[PDB]
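Written out below as structure tokens is the structure these notes cover.
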Number of protein chains: 2
Amino acid sequence: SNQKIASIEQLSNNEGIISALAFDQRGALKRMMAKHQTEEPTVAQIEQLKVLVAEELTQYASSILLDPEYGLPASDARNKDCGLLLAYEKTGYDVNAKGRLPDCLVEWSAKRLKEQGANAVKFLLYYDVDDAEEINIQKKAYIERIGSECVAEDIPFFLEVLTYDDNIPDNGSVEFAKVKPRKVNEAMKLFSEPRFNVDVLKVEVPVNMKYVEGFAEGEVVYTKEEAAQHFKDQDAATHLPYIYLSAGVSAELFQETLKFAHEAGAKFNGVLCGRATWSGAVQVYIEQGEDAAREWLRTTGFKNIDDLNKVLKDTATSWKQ
Amino acid sequence: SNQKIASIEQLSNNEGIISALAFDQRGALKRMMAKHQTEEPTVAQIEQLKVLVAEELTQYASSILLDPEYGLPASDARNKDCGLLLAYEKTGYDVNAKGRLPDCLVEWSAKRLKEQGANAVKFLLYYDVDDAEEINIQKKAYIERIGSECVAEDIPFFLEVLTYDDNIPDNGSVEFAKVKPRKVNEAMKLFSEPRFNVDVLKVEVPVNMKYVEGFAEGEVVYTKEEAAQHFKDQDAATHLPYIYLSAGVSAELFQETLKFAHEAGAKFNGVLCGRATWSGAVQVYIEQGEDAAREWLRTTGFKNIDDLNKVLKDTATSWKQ
């Protein structure tokens with residue numbers, strides 16, 4: 001739709017590519033900040049940090065993903081051409097309870113996110129194509145609600161899917177590394193159905209690079225030809241725009257992953273780059289002060305995102321294809 | 001909208017007065033069935049019971065409120081000219097928690113309610129207008145959410161507001177009666193706002209009648225003229241169509257109420273008529289047999305709903321006036 005079209009435009013760069021900078025972390029940002037004090041850090045500090053990354057980096061990113069809990073200040077503080085995505089999900093899951101069931105931050109509607117200047121709504125779903133139906137019917141129902149909400153509100157709905165298995169507790173394990181292709185791919189095929197009214201898929205690379213021939217410094221799980229195929233399968237697995245999420249892999253492995261994707265023939269439409277662009281500034285902020293972090297950002301930070309945008313320009317494909 | 005209008009007319013009769021049978025009760029019914037033997041009521045017992053009541057009485061009602069968990073079979077069963085609304089809220093709330101927070105039926109969405117052929121979608125909300133904003137911001141956001149879904153799914157949004165005040169535990173008290181008009185009327189003013197996309201309001205009569213002059217075998221809270229102003233204020237409080245909920249008052253007093261309503265000037269558009277009119281048939285069903293309960297429904301049952309319809313034809317203004 002036109003307004004949906006207009007809105008996704010504000011989140012992409014000149015070549016038609018989404019280059020959002022992810023900074024919607026909450027409980028996780030506190031943890032990282034903990035380490036340098038290590039004592040509980042203030043809401044004030046946490047907002048302030050985001051504001052800095054906002055202020056200093058938004059000029060080089062085509063958009064930013066921030067959270068309504070602490071990111072509203074930083075989102076006022078953002079740049080002009082930059083654009084904006086707002087996280088709608090409650091963070092984490094229940095360690096006690098089964099299913100990592102989805103749940104919107106209780107003081108928010110799609111309507112409230114739109115009135116706050118957001119160009120898209122994002123929502124993180126933990127899904128597992130093999131979990132019980134009683135689990136997945138809920139997760140499904142939920143997404144239909146957001147799917148529907150957003151349509152009435154004329155605002156892009158970006159679905160983030162993270163994959164998991166109760167059987168396979170540990171994520172980067174060899175055992176899970178075998179099933180990731182199915183788990184990721186299959187989720188996309190499902191949530192590509194029109195009844196979810198999804199606009200862009202936010203997803204992980206369909207393999208775990210750390211076990212790809214020519215990348216692994218331990219056990220290999222797929223040969224390059226194999227893994228190239230899994231990317232192709234992923235490209236084909238949806239007909240909607242998709243972007244890759246870094247998911248705490250490094251600035252440089254992720255850079256290398258894009259070129260790899262591209263060369264397998266994956267026509268992906270951009271990225272969403274998080275911990276791996278700004279993370280060095282957390283330390284420099286706590287240990288060494290405000291203008292100290294402002295420095296890192298204008299050098300180590302800008303380099304990281306430049307390097308990224310340059311790789312992206314050679315690798316990604318415009319979302320309008 | 002074109003569809004919402006055409007759908008509401010599936011719920012009214014052809015003279016424009018909504019006369020919906022309330023039969024969405026869950027836990028509440030289940031107990032009833034165990035008030036005839038202190039043992040278990042089965043999932044398919046409840047189903048066929050609901051079926052039975054729907055088959056008989058939906059001849060003489062222009063719509064039926066039912067529920068997804070126990071009323072899917074009865075919804076197929078209904079008479080052809082009976083409209084269908086499906087409940088969307090989890091029944092009750094958490095008694096250990098504070099603010100009677102609302103919550104959808106986990107396997108549902110306004111999309112999956114339309115897909116079962118519901119001409120309308122219903123949400124009972126407990127609202128106290130003077131409750132803390134930390135509570136009420138959640139309520140408003142939740143309603144904003146459901147409203148959008150229904151806009152997008154192009155289906156009517158019927159919101160029911162039952163009022164309360166935690167400072168006044170007894171709803172039937174003299175202290176409550178005094179505050180009732182504002183609690184009721186103000187919540188109508190809030191939820192008539194465009195952001196909540198409400199199509200029809202299911203609301204209580206703005207006064208406790210047990211204390212209106214010349215109705216009050218006890219103590220008076222308002223003169224006939226004060227009460228009339230409260231009905232007048234109610235009708236004025238909203239520009240949407242609204243229908244009154246019997247709220248467990250007797251058939252006699254309720255009927256008497258609709259006359260007072262019409263006389264004060266309230267242009268109310270019908271009633272949601274509740275358990276009172278089908279109750280008696282439960283004990284006959286169980287203890288007396290299936291063909292017996294069917295008789296009750298054809299004679300006693302018929303009578304209660306027919307009577308109401310008559311008072312209704314002499315009292316309610318059309319939702320389209």
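Values quoted throughout were computed directly from the atomic coordinates according to the rules given, and no laboratory measurement underlies them. Counting neighbours? That spans all protein chains shown, and the Cβs are built from the backbone with ideal geometry, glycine included.
Details
- Long pairs among B:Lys80/B:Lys122; A:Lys90/A:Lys178; A:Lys30/A:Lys140; A:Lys4/A:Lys202; A:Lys180/A:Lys202, criterion Cα-Cα beyond 23 Å: A:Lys90/A:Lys178; A:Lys30/A:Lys140
- The charge dipole of the protein assembly as shown, taken about the Cα centre with unit charges on the Cβ atoms of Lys, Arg (+1) and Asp, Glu (-1), comes to about 960 debye, rounded to the nearest 20.
- The protein assembly as shown: C-alpha gyration tensor shape, a/c 1.5 cut-off, then a/b vs b/c: prolate
- Chain A Cβ-axis minimum, rotational copy B, residue and distance in Å: A:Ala152, 2
- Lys/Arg +1, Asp/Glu -1 at C-beta; chain B dipole; positive extreme among B:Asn185, B:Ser63, B:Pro206: B:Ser63
- Distance between the range B:58-130 and the range A:288-320 - C-alpha centres, whole angstrom: 50
- Relative contact order of chain A: 18 percent, from C-alpha pairs under 8 Å at least 6 residues apart in sequence.
- C-alpha center-to-center spacing [the range B:174-203, the range A:1-54] in angstrom: 39
- Taking every residue in A:101-111 and counting other chain Cβ atoms within 10 Å of its Cβ, the average works out to 5.
- Each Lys or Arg adds one and each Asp or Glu takes one away; over the other residues whose Cβ falls under 10 Å from the Cβ of B:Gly99, this sums to -2.
- Computed from the Cβ-Cβ distance with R0 of 56 Å, the FRET efficiency linking A:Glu55 to B:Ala276 stands at 0.30.
- Summing charges over neighbours of B:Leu272, with a neighbour being any other residue whose Cβ is under 15 Å away from its Cβ, gives -3 when K and R count +1 and D and E count -1.
- Membrane-span-like helices of chain B, defined as complete DSSP H segments with a Cα extent of 24 Å or more along the helix axis and a mean Kyte hydropathy of at least -1.0, are identified as B:133-152, B:174-191.
- Cross-link partners of A:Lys224 among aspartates and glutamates (Cα-Cα below 13 Å; sequence separation of 8 or more within a chain): A:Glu213, A:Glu263
- Taking a ≥ b ≥ c as the square roots of the eigenvalues of the alpha-carbon gyration tensor, the range A:139-227 is classed prolate because a/c is 1.5 or more and a/b outweighs b/c.
- Taking the fewest neighbouring Cβ atoms within 10 Å as the starting point, the ordered list for B:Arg145, A:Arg294, B:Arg112 is A:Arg294, B:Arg112, B:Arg145.
- Shape category assigned to the range A:1-153 from the gyration tensor of Cα positions, a/c cut at 1.5: oblate
- Once the C-beta distance of B:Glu133 and A:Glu217 is scaled by a Förster radius of 56 Å, the resulting FRET efficiency is 0.55 to the nearest 0.05.
- For the pair A:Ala97 and B:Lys189, a Förster radius of 22 Å applied to the C-beta separation gives a FRET efficiency near 0.05, rounded to the nearest 0.05.
- Approximate spin-label separation A:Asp307-B:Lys224, in nm, with each point projected 7 Å along Cα-to-Cβ: 8.6
- Average beta carbon contacts from partner chains per residue of B:137-146, 10 Å cutoff: 5
- Charged-residue dipole, Cβ positions (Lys, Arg, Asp, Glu), chain B about Cα centre, Debye nearest 20: 480
- Approximate spin-label separation A:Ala292-B:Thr299, in nm, with each point projected 7 Å along Cα-to-Cβ: 9.0
- A:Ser173 versus A:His36: modelled label distance in nm, points set 7 Å from Cα along the beta carbon direction: 3.4
- Couplings 3J(HN,Hα) for the range A:61-73, derived from phi with the Karplus relation 6.51 cos²θ - 1.76 cosθ + 1.60 (θ = phi - 60°), are 9, 7, 4, 8, 9, 10, 10, x, 6, 9, x, 4, x Hz, where x marks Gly and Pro.
- Residue-count net charge about B:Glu89 - beta-carbon cut-off 10 Å; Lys, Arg +1, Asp, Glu -1: -2
- Mean separation of Cα pairs under 8 Å and 6 or more residues apart, divided by the residue count, gives the range A:136-228 a relative contact order of 29 percent.
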